[PDB]
Each structure stands twice: as structure tokens, then as C-alpha cells.
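Notes follow once the structure below has been shown.
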Amino acid sequence: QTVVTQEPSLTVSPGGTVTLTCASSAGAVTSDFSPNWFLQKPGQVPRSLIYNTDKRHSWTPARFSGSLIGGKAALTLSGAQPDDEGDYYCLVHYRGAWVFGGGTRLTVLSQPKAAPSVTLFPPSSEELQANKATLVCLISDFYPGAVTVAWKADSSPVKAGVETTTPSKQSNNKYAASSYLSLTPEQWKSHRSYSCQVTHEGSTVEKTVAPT
Amino acid sequence: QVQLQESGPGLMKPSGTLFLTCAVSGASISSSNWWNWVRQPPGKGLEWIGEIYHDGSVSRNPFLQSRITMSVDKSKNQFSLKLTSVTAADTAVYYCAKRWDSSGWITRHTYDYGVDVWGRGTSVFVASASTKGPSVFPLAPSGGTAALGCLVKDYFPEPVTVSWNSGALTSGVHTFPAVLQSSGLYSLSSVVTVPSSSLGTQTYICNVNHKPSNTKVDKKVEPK
């Protein structure tokens, strides 16, 4: 197995064109990889679209097309419809095994982009006497529903003790998510600050809390 | 129109063995098809598990070869999947699929055709923790408005309802969906937007109900 890489998220207007790529950590993607493309609607079973680079199934619409572009397997969509919104995965064969990609969240913009509002809560005084410490980073009112959350203690990135949900659809067709950072009471006091970084559509919001 | 139907245990205890079956309709096992297994962890992407041909030849995920066992059953027209030493990291929705086998000149294992039929998926949850009541902690405090809430920490299983002031405060309340921690416990946060000038004279109480543990909590959120 290799490391298959796709775009985290891409956007396209209703009726526009967009191309999703699928890279491999071993080098260029030839036809011997036999790349497949699947689409998964939220809550549905993934649906087969393209098999072996550029072959459509009996149910794949003519809007979808595949090829190899600059050492990467590419899936091109022409004439975007809101029905085509979903998560696209690419499956390749390498060293006698099938490897799935991270997937790309494609959104067909039915409305303009919405910026998220982020609120960061420090650990309460009750939890510290329970010998625990949890940072709550709340995100809401962002569209499309694709976001990346990162944590940093002081000036160093933090990945141990982080757990984040996936975006869920609100009532006003927007999305919300939350991230948690579980720490020990000694770690909460041995650092000057902790921050929650929220990146959405190239714009980043960072909130910071401090024990002092 | 080949149809697939998988069946699983649904709920599994840790360090156990997972046994899944997939019934095939409209097609036979002895045909030229590879019977695959695919799982998807909660909030993550697809992960290829393995595939098996009717002659017995298998191909497994390199990072899970020692724990994966696949077999076929021709008299029942089914194929199975066996995963051992299962932990909470194996909780996922499991699918069975198939793909056509291709060849060049003589009979051979050339991979030209791809996956064309999917199952309906089966939910497999590895209960790494038992029933636990929630721990409610206050989230104490946007100019004219302020945000306060309650942190419902480490509970199991899923059903939890949250209200504010016995259901009287309904405008400005936002309850986030819970996160599934790696320890097998859930945790959510419910926040309410209130006028910042009333924080000194108005009291706000977050009501938590967890019927699986028969626990009800009313938590006053102070300005702190």
C-alpha cells in the first residue's frame, strides 16, 4: 500500500466545471493502477462511477469523465448539478492491494459562502478538581461544510488528545462542528497559552486561552 | 442486477472476533468475480480490507494481514470475513462488494474491471466501555450578547437530551452533536446565547437527561 492523496474539499457553481485529482506517494499514476472513482452521498452507500481510468458504468452520467493528468488520476465534472454534491473517493491498485484515498468533499454552491463563528472555552474549575482538563472549541454557521481544526500549545502543534466531529447540517442549511482537547491539569499550567485554529475556504480564525 | 446483503452482530465486546456474512443474489460464487470487504470508521474515509476469489486465493490489507481471514461458501452462495482481536479502533460500517475479474490471453488475474456492485452496509460497534452517566461541567462566559453552556462529558450510550430552564429558553440554544472518543465514550456541548446585561441578575440552568444510566442533572451556569 501507498499513500493516496486527494484534495480535502473543492467547490463548484451549478453548471460549472471542476476536476478532482488523485495522487500516489510512489510516483506517477499509470493505467496499470486502474483507478476507480466512487461517490458517497451523506448517509448513503458509496456509488460506483468510473472504473479503470476512463470507463463509465451503465449508471454514470455523461457529465463525469476520467483521465490521467500529469502523473495523477483525475475525475472531471462538466455541468455541475446539486445532485452531484458528495464525497468522492479514488481507489487504485498497487503491489497486489487496493488503496483508497482520503476523499474529496465536493460542494455545489447553492448559496454564497458563510464564515464560521468560533468560541473557545477554557477548562472549568470543577473539572480541575476532578483531575481533568478539556478545551471546547465550538464552530457553527459555516458553509460549505468543510473545515480543518488544529491545536497548538504555546508555539508547538498539538495532535495527542484531540477529537473533532464532522460537520452536521443545521436548520438554516449551514453546518456546525466542535473540537475537544483533553489535557492533564499539569499540562494546562505548564504552558502559557492554548489556541484553536479553524481554517475554512482559505480563511483562518484562531482563538486563544491562557491559564493565568 | 446482482444484489448483495450483509449481516453482522451489530454490537461487539472488545478483544473478540468479528464474523460477517454477505449473501449474493442474482450471481453465483463460482463465477469470475472478486468478493471484497470495505469498512468506513465514523467520520473517516473508506478503507479496503480484502477480497477473495472462489478458488481460495485472497489478497489482504498489508497492515491487517495477520487479523483478516476470508472464506466462501458455495452451497449457501455466501462469503464471509473474520477479524480477530477487535478493539474500539475497528468500529465502522462494513460493506461487501464485488468486481469482475479480467484476463489477457489465458486465464489470469488481470485487474481491468472495477467495483460495480455494493451492499447495504452493516454497523459494527466495539463497546470498549460500559454504561456510564454523564459528567456535566459549566461553560462559563459578543458585545450585547454572551455565550454560556454545559459540557456533557464521558457518557454511554448515545441518547442524551439537553434543555435550558426546563425547556422555557428555546431561542438562541444550540446543541452540538456528540463526539465519539477513542475510549468508547461520548461527549457533547450545548451553548445558549443570552443578553450579556442579564448575566448578573438572571440565572440559567442546563438540564441533562441520560435515561440509559437513569441520571438527570440540573446545572446552574454562573458568570465565574
- Sequence neighbours fewer than 8 away in the same chain don't count; with that in mind, list the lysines whose C-alpha is under 18 Å from A:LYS132. A:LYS159, A:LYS189, B:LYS132, B:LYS153
- Task: State the dimensionless ratio Rg/Rh of region B:122-224 (Rg: radius of gyration of Cα atoms; Rh: Kirkwood radius).
- Result: 1.03
- With θ set to phi - 60°, apply the Karplus curve 6.51 cos²θ - 1.76 cosθ + 1.60 along region B:28-45 and write out the HN-Hα couplings as whole Hz, x wherever there is a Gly or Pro. 10, 5, 5, 6, 8, 9, 9, 8, 9, 9, 9, 10, 9, x, x, x, 10, x
- Item | Separation of alpha-carbon centers, region A:97-116 and region A:150-212, rounded to whole Å | 21 Å
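Tell me the net charge near A:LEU10. Cut-off is 15 Å between Cβ atoms, A:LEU10 excluded, with +1 for each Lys or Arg and -1 for each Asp or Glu.
-2
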- A:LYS72: which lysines have alpha carbons under 28 Å from its alpha carbon, excluding same-chain residues fewer than 8 sequence positions away? A:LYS41, A:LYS55, B:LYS44, B:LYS98
- Magnitude of the Cβ-charge dipole (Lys and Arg +1, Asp and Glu -1) of region B:31-177 about the Cα centre, nearest 20 debye, reported as 180 debye
- Message: Looking at the protein assembly as shown only, what percent of DSSP beta bridges run antiparallel? Nearest 5 please.
- Response: 95 percent
- Using unit Cβ charges (K, R positive; D, E negative) and no other charged atoms, how large, in debye to the nearest 20, is the dipole of region A:111-210 about its Cα centre? 160 debye
- Item | Anchor A:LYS152: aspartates and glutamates whose Cα lies under 16 Å away (excluding residues fewer than 8 positions away in-chain) | A:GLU163, A:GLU206
- Item | trypsin sites (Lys or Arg not before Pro) lying in DSSP loop within region A:136-180, provided at most 14 other Cβ fall within 10 Å | A:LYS159
- Message: Let me check the size of chain A from its C-alpha atoms; what are the radius of gyration and Dmax in Å?
- Response: 20.5, 63
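Neighbour counts are summed over all protein chains in view; Cβ atoms, including those assigned to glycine, are modelled from backbone coordinates with ideal geometry. Computed from the coordinates by the stated procedures, all read-outs in this text should not be read as laboratory data.
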